[PDB]
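S.K.: Following this: a sequence and the matching experimental structure.
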Amino acid sequence: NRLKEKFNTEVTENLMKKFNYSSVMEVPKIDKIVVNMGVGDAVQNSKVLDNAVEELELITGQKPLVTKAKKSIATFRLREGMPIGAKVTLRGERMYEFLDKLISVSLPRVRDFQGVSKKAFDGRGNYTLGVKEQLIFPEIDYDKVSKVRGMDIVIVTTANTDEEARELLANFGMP
Amino acid sequence: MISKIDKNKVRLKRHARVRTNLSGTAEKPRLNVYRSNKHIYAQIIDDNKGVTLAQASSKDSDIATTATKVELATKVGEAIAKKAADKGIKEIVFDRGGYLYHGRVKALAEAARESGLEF
Amino acid sequence: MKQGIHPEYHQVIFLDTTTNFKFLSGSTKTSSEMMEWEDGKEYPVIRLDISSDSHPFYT
Amino acid sequence: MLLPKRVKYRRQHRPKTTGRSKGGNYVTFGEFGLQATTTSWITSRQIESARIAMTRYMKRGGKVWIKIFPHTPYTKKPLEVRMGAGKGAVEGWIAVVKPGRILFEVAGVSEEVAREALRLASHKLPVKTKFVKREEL
Amino acid sequence: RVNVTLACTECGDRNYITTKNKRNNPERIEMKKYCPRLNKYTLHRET
Amino acid sequence: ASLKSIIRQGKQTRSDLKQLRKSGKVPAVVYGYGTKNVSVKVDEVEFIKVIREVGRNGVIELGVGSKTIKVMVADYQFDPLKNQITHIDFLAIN
Amino acid sequence: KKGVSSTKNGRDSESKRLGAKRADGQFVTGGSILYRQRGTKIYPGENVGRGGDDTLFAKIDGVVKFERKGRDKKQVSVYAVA
RNA sequence: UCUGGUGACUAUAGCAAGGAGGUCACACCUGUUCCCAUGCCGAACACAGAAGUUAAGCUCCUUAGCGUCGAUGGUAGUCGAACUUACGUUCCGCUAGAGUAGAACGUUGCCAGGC
RNA sequence: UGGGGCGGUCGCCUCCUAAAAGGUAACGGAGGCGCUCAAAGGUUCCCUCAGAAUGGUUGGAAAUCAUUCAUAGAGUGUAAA
RNA sequence: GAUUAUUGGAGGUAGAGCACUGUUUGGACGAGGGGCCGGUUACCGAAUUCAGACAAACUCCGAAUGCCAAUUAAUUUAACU
């Protein structure tokens, strides 16, 4: 809760000047993040999906479980089964560690415009911004990789919308 | 835009989903339970008519310690079982509510079971 | 924390040569290259970091 | 009006004849309306004829609102052939009306002009009918 | 999805019948059920 | 503005009710402000004349019995065929 | 006569006699039927078995009471007062 | 007198909204530390602390705004009867749906506290 | 068999005709069947809608994922109920 | 056994009615395609409302009348094996 404590001070200095809570038993927050990776078209690319797995096994403290295709949609031959996703959900102390890590080690390999973005919030209070996966993994950088992916990383927030995430990012965010 | 709620409502939804078949006839009268946060409360109740039969708890301080959040449940399971020793000292039907045969539940369960009662 | 699909996590001391940002995370609970206690005993060789040092918002 | 243009069933039943207009009994779209007195079938070829006459007399004047689509088919075999080894192809489409049912409206045109056009429409038409103004008061 | 007429452990004749398939259930199956010479649910096996 | 009606009664059968509606009058039934579920009949002619005098709405002190009180349309069962009314529903406004 | 051709759709089912068999106030037997249905239009209540095909029987002998079940559904309540 | 449950009454019982309420419980809460624990979370559950809280959840109050039912009479529609031959007439009753006044923001048995 | 007639069809299940109990015709209207699940079965303990927009690597909008409503519109092995 | 006053119930007809399913959008509605370079504007897929109209195989509603059975009551004379 390193930067969480900074914006905790801002709950009383800024978002008591902004959100104006009636009790300290009521405050804002993010909840967590769901980090479902992408397609990983394992029709026979099961090993590619295993590489996408072992990426986030360690690049992320939690690893995914595959979203198997409940359906048989065209545009890629999915059927009942068809492991074609990822279920990462970073909740607590890992969530804060990833915060204090990634706000700082993303932009070195993001080449961002503002530093994170002007904006790419999808509109439900979250980014879900497709990544080129370079800014991520300073631990396993783009030296030995095998596959690019872009993920709809969903900011699972008590933020009612994206505007709250904006002024929330005093935490090394350039909104 | 993504939030949380009370838990007792879902407790009681499961409770209703079970209540159908497990029904105190006022002879195996319905022994319903409530573990809220701190102390667990209990009552066997004539429910074929919908009227009291007993009343006990862990906030009911006659059987009271600072044991576990659990051994106190065992105490109340002995105690209300003694309030049933007079009558209803037999096997009746408990209610697992939206709760489970483990924990507070099971400690109290076998407390009642072995405080004279035919469960 | 999807225990069942959760490998290790930790607050890693990913110290840099610039700004010493050893307040990071990863899966490599590293050796005591920086055998320190102000930050964890993790490898401080990860120097390339601009979001605090040389970023588009502040070079 | 309001629809996607599919169908549901083909050889529906030869429908009701009698009764009364359940609705469509007031002048809404246009101002100069026509309703009916009789209660019989319509093929829309008579109304094809009718609106032809109407327009070519109106000289591309005011507007028109038909209050109909023939929702329902009718069939026929060829002429006076033997009976009951099937039910023939649809020979067209219909929607019977009843008295009290508004059927046409127009606006952006003169009153007696409308009267004339409606007379002309009825003349190619199998049903006794009547013109009205905006049902008000 | 075809038939199976089983032989009991020792109940000694042709009584019990069911459905299975040699694709879902390609191998000889066996399970518990009441036979009459025993007054109990015993195991019986496929032949 | 001060039109007059008359007071209906029970079991207006298929015969007498058709007769009255066929006549130059028609049944109304009022309720609402200081009023009960009360049935009456009204001359079509002057009813329509007051339509022409005051329009779709007019605070009318309706003279039945001894009282001329503010009541207006709740609704009405009217036949566009034959251009006269079968039924009218009334609501007091005071 | 002449050519009349192939012809298909005269296919329907030899029916079944469903619904009720006994009524309000009526007195019954033990294996007595009270209804032949499919699904649950009505819901067995007191002293009522439900066989496989949604057939209902009264577990006892006695007399019947249909009634509401929910706020908008219906059931049975057999009573063997005597 | 508020509570908990377990209750019977269908929401005109309520939906939504406003305000108060206060760790008699309540939930907020800190974690995994153990039983437990999550094919994919201490989320949940369980366990463990009760530190703190009505702000939430929460009960009460205010609107009937939403819903809800819903009158009055009336309508056809139908019963039969009699007509005549009408895409019908008439008596007779049964009287719908729909509209609509209008309404109501609960009764309530239950033990123990709370009292 | 609306003369024999060629054609066809001939055994079961769903609906509509069917007329508010049930029941009922037509060389009358529309549709399924000649099975399948050792797990889709039995039994305990959890879950709870598609879909819609919301929207964003994806993007042929949409896949996966995510916010909120959705009437079970989900869906349920085999048509319709 | 019967008839009728008294019942009590079942049920989805007629009628109503769009609330689902949907049949023919008048209107606008904002966009997507599009005329254009990714756009302009048309119109639409579609949906937004407003908006109405229709239904053997549509139903949130819903009669009369008939069906079943009641100390059912009374007046008859059946009724059953």
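M.R.: Nice, I can see it. Residues are numbered from 1 along each chain as shown, chains lettered A, B, ... in the order given.
S.K.: mind listing the strands for chain D?
M.R.: If DSSP state E is used as the criterion, the strands of chain D fall at D:32-36, D:63-66, D:72-75, D:90-94, D:104-107, D:129-132.
S.K.: Identify the residue spatially nearest to residue 36, adjacent ones excluded.
M.R.: Since no chain was named, I'll use chain A. Counting by Cβ to Cβ, 6 or more residues apart in numbering or on different chains, residue A:36 lies nearest to residue A:86, which is 5.1 Å off, once chain neighbours are set aside. Placement of C-beta: from N, CA and C, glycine included.
S.K.: right idea, wrong chain: chain D
M.R.: residue D:129 (4.7 Å).
S.K.: what's near enough to touch the one you found?
M.R.: Residue D:129 makes contact with D:34-38, D:103, D:118, D:122 under the criterion Cβ atoms under 8 Å, 6 or more residues apart in numbering or on different chains.
S.K.: switch to 10 Å and redo it
M.R.: Residues counted as contacts of residue D:129 (Cβ atoms under 10 Å, 6 or more residues apart in numbering or on different chains) are D:34-38, D:97, D:99, D:103-104, D:118-119, D:121-122.
S.K.: now do residue E:28
M.R.: E:4, E:6, E:20, E:45-47.
S.K.: most surrounded residue in those?
M.R.: Counting neighbours by other Cβ atoms under 10 Å in any protein chain shown, residue E:6 comes out on top of the contacts of residue E:28 with 19 neighbours.
S.K.: Quick check: phi and psi at that one.
M.R.: When read as degrees, to the nearest 10, the backbone of residue E:6 gives phi -90, psi 160.
S.K.: what about the residue lying closest to residue F:35 once chain neighbours are set aside, how many neighbours?
M.R.: Spatial nearest neighbour of residue F:35, chain neighbours left out: residue F:92 (4.3 Å); criterion: Cβ to Cβ, 6+ apart. Residue F:92 has 18 neighbours, counted by other Cβ under 10 Å.
S.K.: wait, isn't residue F:92 in contact with residue F:68?
M.R.: No - counting by Cβ atoms under 10 Å, residue F:92 stays clear of residue F:68, with 11.9 Å between them.
S.K.: what sits in contact with each of those two?
M.R.: Counting by Cβ under 10 Å, 6+ apart, the shared contacts of residue F:92 and residue F:68 are residue F:62.
S.K.: which of the contacts of residue D:129 are buried?
M.R.: Among the contacts of residue D:129, those buried by neighbour count (16 or more other Cβ atoms under 10 Å in any protein chain shown) are D:34-36, D:97, D:99, D:103-104, D:118, D:121-122.
S.K.: how about the residue nearest to residue D:54 when sequence neighbours are not counted, what does it touch?
M.R.: Spatially, and ignoring its direct neighbours in sequence, residue D:54 is nearest to residue D:117 (4.4 Å; Cβ to Cβ, 6+ apart). Residues counted as contacts of residue D:117 (Cβ under 10 Å, 6+ apart) are D:32, D:34, D:50-51, D:53-58, D:61-62, D:64, D:104, D:106, D:109-110, D:131.
S.K.: and if we set it to 7 Å?
M.R.: D:54, D:57-58 (Cβ atoms under 7 Å, 6 or more residues apart in numbering or on different chains).
S.K.: Repeat that for residue F:6.
M.R.: Contacts for residue F:6 (Cβ under 7 Å, 6+ apart) come out as F:40-41, F:64.
S.K.: element containing whichever residue of chain A sits closest to chain F, please.
M.R.: Residue nearest to chain F within chain A (Cβ to the nearest Cβ): residue A:22, separated by 45.0 Å. Under the criterion DSSP states H and E, no helix or strand holds residue A:22.
S.K.: That one: how many residues sit nearby?
M.R.: When neighbours are defined as other Cβ under 10 Å, residue A:22 has 6 of them.
S.K.: and the residue nearest to residue C:48 when sequence neighbours are not counted, backbone torsions?
M.R.: In this structure, residue C:48 finds its nearest non-sequential neighbour in residue A:108, 5.3 Å apart by Cβ to Cβ, 6+ apart. Per-residue torsions, residue A:108: phi -60, psi -30 (degrees, to the nearest 10).
S.K.: Hmm, residue A:108 is touching residue C:52, no?
M.R.: No - between residue A:108 and residue C:52 there is no contact under Cβ atoms under 7 Å: 9.5 Å.
S.K.: Closest to the mean position in chain A, which residue would that be?
M.R.: By Cα atoms, centre = their mean, chain A has its centre lying nearest to residue A:153, at 3.8 Å.
S.K.: Test my guess that that one contacts residue A:127.
M.R.: Yes - contact criterion Cβ under 7 Å: residue A:153 and residue A:127 qualify, at 5.9 Å.
S.K.: do you know how far the residue of chain A found nearest RNA strand J is from chain B?
M.R.: In chain A, the residue that lies nearest RNA strand J is residue A:123 (14.4 Å; Cβ to the nearest atom of the strand). Using Cβ to the nearest Cβ, to the nearest Å, we find residue A:123 at a distance of 11 Å from chain B.
S.K.: hang on, the earlier thing: what's the spacing between the residue nearest to residue F:35 and residue F:86?
M.R.: 22 Å (Cβ to Cβ, to the nearest Å).
S.K.: wait, what's in contact with the nearest residue to residue D:61 once chain neighbours are set aside?
M.R.: In this structure, residue D:61 finds its nearest non-sequential neighbour in residue D:109, 4.7 Å apart by Cβ to Cβ, 6+ apart. Taking Cβ under 7 Å, 6+ apart, we find residue D:109 in contact with D:58, D:61-62.
S.K.: near RNA strand I too, which of the residues you listed?
M.R.: Taking Cβ under 7 Å from any atom of the strand as the test, RNA strand I is in contact with none of the contacts of residue D:109.
S.K.: Give me the contact list for stretch F:62-75.
M.R.: Residues outside stretch F:62-75 that contact it (Cβ under 7 Å, 6+ apart) are F:2-7, F:30, F:40, F:57, F:59-61, F:88-94.
S.K.: Kindly report the same for stretch A:99-116.
M.R.: Outside stretch A:99-116, the residues that touch it by Cβ under 7 Å, 6+ apart are A:2-3, A:134-136, A:138, A:171-175, C:14, C:21, C:23-25, C:48-52, C:55-57.
S.K.: show me where chain B has strands.
M.R.: Here chain B has its strands, by DSSP E, at B:30-35, B:40-46, B:51-52, B:56-57.
S.K.: Chain G too?
M.R.: Here chain G has its strands, by DSSP E, at G:19-20, G:33-36, G:43-46, G:48-50, G:56-58, G:66-68, G:74-77.
S.K.: before we move on, what about chain A?
M.R.: Taking DSSP E, the strands of chain A run over residues A:30-34, A:68-69, A:81-83, A:89-90, A:154-157.
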